[PDB]
file query.txt (compact mmCIF, C-alpha atoms and all ligand atoms)
# COMPACT_ATOMS: atom_id res chain seq x y z
CA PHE A 62 0.00 0.00 0.00
CA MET A 63 1.25 3.46 -1.19
CA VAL A 64 0.16 6.53 0.78
CA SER A 65 -0.80 9.84 -0.95
CA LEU A 66 1.90 12.32 -1.94
CA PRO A 67 1.62 15.65 -0.08
CA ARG A 68 0.98 18.96 -1.94
CA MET A 69 4.09 19.89 -3.89
CA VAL A 70 4.94 22.96 -5.97
CA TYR A 71 7.13 22.25 -9.00
CA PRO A 72 7.25 23.23 -12.77
CA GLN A 73 4.50 21.77 -14.85
CA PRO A 74 5.71 18.97 -17.22
CA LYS A 75 5.53 20.27 -20.77
CA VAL A 76 3.83 17.76 -23.04
CA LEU A 77 5.03 19.47 -26.28
CA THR A 78 8.64 19.93 -25.09
CA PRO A 79 10.97 16.85 -25.15
CA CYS A 80 13.25 16.28 -22.07
CA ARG A 81 16.23 15.87 -24.41
CA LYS A 82 16.69 16.27 -28.10
CA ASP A 83 20.14 14.76 -28.05
CA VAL A 84 19.49 11.33 -26.48
CA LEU A 85 17.09 8.39 -26.24
CA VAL A 86 15.19 8.58 -22.93
CA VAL A 87 13.01 5.50 -23.21
CA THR A 88 13.85 1.99 -24.41
CA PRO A 89 11.63 0.17 -27.04
CA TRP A 90 10.14 -1.84 -24.11
CA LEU A 91 9.21 1.48 -22.41
CA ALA A 92 11.78 1.46 -19.62
CA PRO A 93 13.17 4.99 -18.85
CA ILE A 94 16.82 5.68 -19.70
CA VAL A 95 17.98 7.85 -16.79
CA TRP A 96 19.70 11.09 -17.87
CA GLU A 97 19.91 14.42 -16.09
CA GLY A 98 16.84 16.54 -17.14
CA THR A 99 14.44 13.53 -17.24
CA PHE A 100 13.46 13.39 -13.52
CA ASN A 101 12.23 15.56 -10.70
CA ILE A 102 14.16 14.30 -7.70
CA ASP A 103 11.80 15.88 -5.17
CA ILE A 104 8.92 13.85 -6.57
CA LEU A 105 10.93 10.62 -6.59
CA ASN A 106 12.38 11.24 -3.09
CA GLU A 107 8.85 11.66 -1.73
CA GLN A 108 7.63 8.46 -3.38
CA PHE A 109 10.56 6.35 -2.03
CA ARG A 110 10.72 7.93 1.43
CA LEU A 111 6.98 7.29 1.90
CA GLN A 112 7.78 3.58 1.34
CA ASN A 113 10.64 3.75 3.93
CA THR A 114 12.94 2.39 1.21
CA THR A 115 16.24 0.77 2.24
CA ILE A 116 19.01 0.42 -0.30
CA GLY A 117 21.84 -2.15 -0.01
CA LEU A 118 25.15 -1.24 -1.66
CA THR A 119 27.44 -4.23 -2.23
CA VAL A 120 31.22 -4.07 -3.00
CA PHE A 121 33.84 -6.78 -3.18
CA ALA A 122 37.23 -5.53 -2.02
CA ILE A 123 39.89 -8.24 -2.13
CA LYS A 124 43.72 -8.02 -1.90
CA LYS A 125 44.98 -4.54 -3.02
CA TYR A 126 41.41 -3.34 -3.73
CA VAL A 127 40.85 -2.70 0.01
CA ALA A 128 42.86 0.43 -0.55
CA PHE A 129 39.91 1.93 -2.53
CA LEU A 130 37.33 1.58 0.23
CA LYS A 131 38.00 4.85 2.10
CA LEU A 132 37.36 7.13 -0.95
CA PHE A 133 34.53 4.90 -2.15
CA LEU A 134 32.63 5.04 1.14
CA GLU A 135 33.41 8.73 1.96
CA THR A 136 32.05 9.80 -1.45
CA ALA A 137 29.06 7.40 -1.17
CA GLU A 138 28.25 9.25 2.03
CA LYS A 139 28.26 12.56 0.11
CA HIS A 140 26.28 11.46 -2.96
CA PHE A 141 24.58 8.01 -2.75
CA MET A 142 20.91 7.88 -1.70
CA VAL A 143 21.37 10.75 0.84
CA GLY A 144 18.19 11.02 2.98
CA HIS A 145 17.33 7.35 2.56
CA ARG A 146 18.20 4.23 4.59
CA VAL A 147 21.44 2.66 3.24
CA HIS A 148 23.15 -0.54 4.20
CA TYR A 149 26.63 -1.03 2.86
CA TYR A 150 27.90 -4.64 2.48
CA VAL A 151 31.63 -4.86 2.07
CA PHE A 152 32.83 -8.37 1.06
CA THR A 153 36.58 -8.63 1.80
CA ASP A 154 39.47 -11.09 2.59
CA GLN A 155 40.81 -8.39 5.02
CA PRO A 156 38.08 -7.39 7.54
CA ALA A 157 40.58 -5.55 9.78
CA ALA A 158 41.77 -3.41 6.85
CA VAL A 159 38.32 -1.85 6.18
CA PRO A 160 38.69 1.90 7.01
CA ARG A 161 36.64 3.42 9.81
CA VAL A 162 34.46 5.86 7.80
CA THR A 163 31.94 8.10 9.55
CA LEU A 164 28.36 7.44 8.37
CA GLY A 165 25.27 9.72 8.36
CA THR A 166 22.24 8.77 10.40
CA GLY A 167 20.19 5.95 8.90
CA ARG A 168 23.25 4.42 7.23
CA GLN A 169 25.01 1.25 8.26
CA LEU A 170 27.95 -0.90 7.20
CA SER A 171 28.48 -4.68 7.43
CA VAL A 172 31.85 -6.31 6.76
CA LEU A 173 31.49 -9.95 5.48
CA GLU A 174 34.63 -11.94 5.27
CA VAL A 175 35.24 -14.16 2.24
CA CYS A 196 24.83 -15.76 2.62
CA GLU A 197 21.93 -14.62 0.43
CA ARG A 198 18.61 -14.57 2.42
CA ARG A 199 20.11 -11.95 4.79
CA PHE A 200 19.51 -9.36 1.99
CA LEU A 201 15.81 -10.22 1.54
CA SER A 202 15.06 -9.35 5.14
CA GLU A 203 17.40 -6.32 5.37
CA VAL A 204 17.02 -4.24 2.24
CA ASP A 205 14.44 -3.44 -0.58
CA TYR A 206 16.94 -2.89 -3.38
CA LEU A 207 20.47 -4.08 -4.05
CA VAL A 208 23.00 -2.03 -5.98
CA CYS A 209 26.18 -3.92 -7.07
CA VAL A 210 29.26 -1.82 -7.93
CA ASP A 211 33.06 -2.10 -8.28
CA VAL A 212 35.02 -0.53 -5.38
CA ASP A 213 37.82 1.24 -7.46
CA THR A 214 35.50 4.14 -8.08
CA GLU A 215 34.24 7.31 -6.42
CA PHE A 216 30.98 9.24 -6.45
CA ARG A 217 31.23 12.81 -7.82
CA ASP A 218 27.52 13.81 -8.00
CA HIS A 219 24.00 12.69 -6.98
CA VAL A 220 23.22 8.97 -7.41
CA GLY A 221 19.74 8.55 -5.93
CA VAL A 222 16.36 6.92 -6.00
CA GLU A 223 15.88 7.73 -9.66
CA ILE A 224 17.88 4.48 -10.41
CA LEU A 225 15.63 2.24 -8.30
CA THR A 226 13.37 -0.25 -10.12
CA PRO A 227 13.00 -4.03 -10.29
CA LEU A 228 16.05 -4.50 -12.55
CA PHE A 229 18.53 -2.02 -14.02
CA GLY A 230 21.72 -2.07 -16.08
CA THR A 231 24.01 0.83 -16.90
CA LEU A 232 25.24 1.91 -20.41
CA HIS A 233 28.96 1.21 -20.71
CA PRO A 234 30.69 4.52 -21.38
CA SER A 235 32.81 3.20 -24.26
CA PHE A 236 29.85 1.70 -26.14
CA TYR A 237 26.83 3.95 -25.76
CA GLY A 238 27.20 5.39 -29.30
CA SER A 239 28.29 2.08 -30.88
CA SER A 240 26.39 -0.13 -33.20
CA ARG A 241 25.54 -3.59 -31.95
CA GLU A 242 28.10 -5.25 -34.26
CA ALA A 243 30.88 -3.34 -32.39
CA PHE A 244 29.62 -4.47 -28.96
CA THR A 245 32.17 -6.74 -27.21
CA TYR A 246 29.57 -9.44 -26.50
CA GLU A 247 30.65 -13.06 -26.32
CA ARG A 248 30.54 -14.22 -29.98
CA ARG A 249 31.29 -17.97 -29.79
CA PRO A 250 28.11 -20.13 -29.91
CA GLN A 251 29.75 -22.62 -27.53
CA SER A 252 29.39 -20.13 -24.63
CA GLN A 253 26.10 -19.67 -22.70
CA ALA A 254 26.84 -15.90 -23.03
CA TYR A 255 26.70 -15.99 -26.84
CA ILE A 256 24.98 -13.12 -28.59
CA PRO A 257 24.99 -12.98 -32.43
CA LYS A 258 25.77 -9.86 -34.45
CA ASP A 259 22.07 -9.18 -35.26
CA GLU A 260 21.00 -9.25 -31.56
CA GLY A 261 21.44 -6.83 -28.66
CA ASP A 262 19.94 -3.59 -27.36
CA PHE A 263 22.84 -2.03 -25.45
CA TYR A 264 26.19 -2.94 -23.96
CA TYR A 265 25.69 -2.88 -20.19
CA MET A 266 28.63 -2.63 -17.82
CA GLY A 267 29.34 -5.37 -15.27
CA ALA A 268 30.52 -2.67 -12.79
CA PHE A 269 27.13 -1.07 -11.95
CA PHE A 270 23.76 -3.02 -11.96
CA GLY A 271 21.03 -3.53 -9.44
CA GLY A 272 17.30 -3.93 -8.76
CA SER A 273 14.97 -5.44 -6.15
CA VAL A 274 16.68 -8.10 -3.99
CA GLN A 275 14.59 -10.82 -5.70
CA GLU A 276 15.56 -9.69 -9.20
CA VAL A 277 19.27 -9.23 -8.43
CA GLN A 278 19.36 -12.76 -6.91
CA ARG A 279 17.65 -14.10 -10.05
CA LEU A 280 20.27 -12.50 -12.22
CA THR A 281 23.31 -13.62 -10.20
CA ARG A 282 21.85 -17.18 -9.92
CA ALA A 283 21.37 -17.25 -13.69
CA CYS A 284 24.89 -15.97 -14.45
CA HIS A 285 26.43 -18.32 -11.83
CA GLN A 286 24.76 -21.37 -13.48
CA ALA A 287 25.67 -20.20 -17.05
CA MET A 288 29.34 -19.69 -15.98
CA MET A 289 29.50 -23.23 -14.49
CA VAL A 290 28.16 -24.64 -17.78
CA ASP A 291 30.83 -22.72 -19.72
CA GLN A 292 33.55 -23.96 -17.31
CA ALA A 293 32.41 -27.60 -17.71
CA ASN A 294 32.60 -26.97 -21.47
CA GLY A 295 36.15 -25.59 -21.54
CA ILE A 296 35.16 -22.01 -22.40
CA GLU A 297 35.48 -18.68 -20.59
CA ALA A 298 33.41 -15.75 -21.90
CA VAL A 299 35.51 -12.84 -23.34
CA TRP A 300 34.47 -10.34 -20.65
CA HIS A 301 33.63 -12.88 -17.93
CA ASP A 302 30.79 -11.63 -15.57
CA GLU A 303 29.99 -8.75 -17.93
CA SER A 304 29.45 -11.03 -20.92
CA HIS A 305 26.89 -13.09 -18.94
CA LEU A 306 25.17 -9.93 -17.53
CA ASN A 307 24.71 -8.74 -21.14
CA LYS A 308 23.17 -12.06 -22.15
CA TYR A 309 20.83 -11.95 -19.12
CA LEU A 310 19.72 -8.36 -19.80
CA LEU A 311 19.13 -9.14 -23.46
CA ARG A 312 16.69 -11.99 -22.52
CA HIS A 313 15.19 -10.23 -19.43
CA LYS A 314 14.80 -6.56 -20.33
CA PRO A 315 15.76 -4.11 -17.51
CA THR A 316 12.91 -1.91 -16.16
CA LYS A 317 15.31 1.09 -16.13
CA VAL A 318 18.60 1.67 -17.97
CA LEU A 319 21.08 4.16 -16.51
CA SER A 320 22.92 6.55 -18.84
CA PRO A 321 26.75 6.64 -18.77
CA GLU A 322 26.46 9.57 -16.31
CA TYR A 323 26.30 6.74 -13.80
CA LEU A 324 29.73 5.09 -14.50
CA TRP A 325 31.95 7.42 -16.50
CA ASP A 326 35.78 7.43 -17.09
CA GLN A 327 36.86 11.02 -17.54
CA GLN A 328 40.54 10.13 -18.06
CA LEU A 329 39.73 7.78 -20.93
CA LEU A 330 36.69 9.64 -22.34
CA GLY A 331 36.73 13.30 -21.27
CA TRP A 332 33.43 15.21 -20.65
CA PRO A 333 31.25 15.21 -23.78
CA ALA A 334 28.27 17.65 -24.17
CA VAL A 335 25.82 14.72 -23.85
CA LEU A 336 26.90 14.30 -20.18
CA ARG A 337 25.38 17.00 -17.99
CA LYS A 338 26.56 15.33 -14.84
CA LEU A 339 29.43 12.92 -14.06
CA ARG A 340 27.96 11.02 -11.13
CA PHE A 341 30.22 8.03 -10.39
CA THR A 342 33.60 7.28 -11.97
CA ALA A 343 36.52 4.90 -12.21
CA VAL A 344 39.44 6.10 -9.99
CA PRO A 345 42.22 7.12 -12.57
HG HG B 1 12.07 16.72 -18.88
HG HG B 2 25.24 -7.61 -5.46
HG HG B 3 23.38 -14.61 -17.01
HG HG B 4 28.70 -15.10 -12.31
HG HG B 5 25.80 -11.57 -14.16

call {"tool": "encode", "arguments": {"input": "query.txt", "output": "structure tokens"}}
result
Amino acid sequence: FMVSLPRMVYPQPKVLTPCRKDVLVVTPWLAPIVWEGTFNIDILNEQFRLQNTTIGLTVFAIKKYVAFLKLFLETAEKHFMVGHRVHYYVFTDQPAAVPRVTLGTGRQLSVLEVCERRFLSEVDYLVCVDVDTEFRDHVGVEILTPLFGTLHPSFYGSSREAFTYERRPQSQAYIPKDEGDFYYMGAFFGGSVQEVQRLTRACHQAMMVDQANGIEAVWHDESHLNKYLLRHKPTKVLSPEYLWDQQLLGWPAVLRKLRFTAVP
């Protein structure tokens, strides 16, 4: 059950003015593609806060990657889901090396040394990112939906034939040259707990089949994510605002905000 929104004063949507004339803002299966200028964050914040939404943020930090945690978490505190309940899950081989970062109210961190059902009772949504990154701008409830992938910054303007999908038919990740919507990046996906567990279960089984068959997909996890998201369309797609690489790719006019980035 969803309670009424309160009175709010904001600009009227303009039916005869497009959000963007430079980019696609809806997929052919009518999922929004999230770019700056498409959403009113006040509206979305109200909707998600009224549902007392909790977001889980999962990172795997093994060996030398533990060194990235301090910047990752400090910047998450500044930019990720601020105002909402957040639960960080840091999966590491070095629990004592996790930095002691100060968290805002309503935000908590669990260190798990390297199950599943723990997530279903603790959070509403799971967001799965790489830890060698930092937040630079708002990443909020506008991303939340049953299942989302993010447009890989090197491929968003590419034709499908140029996508680095797995191309050998012997791999469970195979996608032929006449298939594919987008090239999603392995480093930033998420959704409801139930849908993220579906995805990771599917990719885990496909990867075991490939291993039994003597084949390893070209981009590993990412190749299988792309196969999954081809066959199970995401309910939102995030623009490359959401995982950019300024060193490799600069700051093109199409990007109004650079929200989350690879550390150089
Ligand atoms: Hg708009
Ligand atoms: Hg995850
Ligand atoms: Hg998969
Ligand atoms: Hg996997
Ligand atoms: Hg996957």

call {"tool": "residues_near_ligand", "arguments": {"input": "query.txt", "ligand": "ligand HG 2 (chain B)", "cutoff": "10 Å", "atoms": "all atoms listed in the file", "output": "PyMOL selection string"}}
result
chain A and resi 117-121+150+197+200+206-211+269-272+274+277-278+280-281

call {"tool": "residues_near_ligand", "arguments": {"input": "query.txt", "ligand": "ligand HG 5 (chain B)", "cutoff": "8 Å", "atoms": "all atoms listed in the file", "output": "JSON, numbers by chain"}}
result
{"A": [267, 280, 281, 283, 284, 285, 302, 303, 304, 305, 306, 307, 309]}

call {"tool": "residues_around", "arguments": {"input": "query.txt", "residues": "residue 163 of chain A", "least_positions_apart": "4", "cutoff": "9 Å", "atoms": "only C-alpha atoms", "output": "ChimeraX atom specification"}}
result
/A:134-135,138

call {"tool": "axis_aligned_box", "arguments": {"input": "query.txt", "around": "segment 295-306 of chain A", "padding_each_side": "8 Å", "output": "AutoDock Vina command-line options"}}
result
--center_x 30.7 --center_y -17.2 --center_z -19.5 --size_x 27.0 --size_y 32.8 --size_z 23.8

call {"tool": "closest_atom_pairs", "arguments": {"input": "query.txt", "of": "chain A", "to": "ligand HG 1 (chain B)", "cutoff": "8 Å", "atoms": "all atoms listed in the file", "output": "tab-separated table"}}
result
residue	atom	partner	partner_atom	distance
A:74	CA	B:HG1	HG	6.9
A:75	CA	B:HG1	HG	7.7
A:78	CA	B:HG1	HG	7.8
A:79	CA	B:HG1	HG	6.4
A:80	CA	B:HG1	HG	3.4
A:81	CA	B:HG1	HG	7.0
A:98	CA	B:HG1	HG	5.1
A:99	CA	B:HG1	HG	4.3
A:100	CA	B:HG1	HG	6.5

call {"tool": "atom_distance", "arguments": {"input": "query.txt", "atom1": "atom CA of residue 141 of chain A", "atom2": "atom CA of residue 68 of chain A"}}
result
26.0 Å

call {"tool": "atom_distance", "arguments": {"input": "query.txt", "atom1": "atom CA of residue 82 of chain A", "atom2": "atom CA of residue 215 of chain A"}}
result
29.3 Å

call {"tool": "atom_distance", "arguments": {"input": "query.txt", "atom1": "atom CA of residue 288 of chain A", "atom2": "atom CA of residue 252 of chain A"}}
result
8.7 Å

call {"tool": "residues_around", "arguments": {"input": "query.txt", "residues": "residue 65 of chain A", "least_positions_apart": "6", "cutoff": "12 Å", "atoms": "all atoms listed in the file", "output": "list in words"}}
result
residues 104, 107, 108, 109, 110, 111 and 112 of chain A

call {"tool": "closest_residue", "arguments": {"input": "query.txt", "among": "A:234, A:160, A:261, A:93", "to": "residue 310 of chain A", "atoms": "only C-alpha atoms"}}
result
A:261

call {"tool": "closest_residue", "arguments": {"input": "query.txt", "among": "A:247, A:297, A:147, A:84", "to": "residue 96 of chain A", "atoms": "only C-alpha atoms"}}
result
A:84

call {"tool": "closest_residue", "arguments": {"input": "query.txt", "among": "A:153, A:136, A:286, A:294", "to": "residue 122 of chain A", "atoms": "all atoms listed in the file"}}
result
A:153

call {"tool": "residues_around", "arguments": {"input": "query.txt", "residues": "segment 342-344 of chain A", "least_positions_apart": "2", "cutoff": "12 Å", "atoms": "all atoms listed in the file", "output": "VMD selection string"}}
result
chain A and resid 126 128 to 130 132 to 133 136 to 137 210 to 218 220 233 to 234 268 to 269 321 to 332 338 to 340

call {"tool": "closest_residue", "arguments": {"input": "query.txt", "among": "A:64, A:291, A:219, A:242", "to": "residue 337 of chain A", "atoms": "only C-alpha atoms"}}
result
A:219

call {"tool": "closest_residue", "arguments": {"input": "query.txt", "among": "A:146, A:161, A:279, A:67", "to": "ligand HG 4 (chain B)", "atoms": "only C-alpha atoms and all ligand atoms"}}
result
A:279
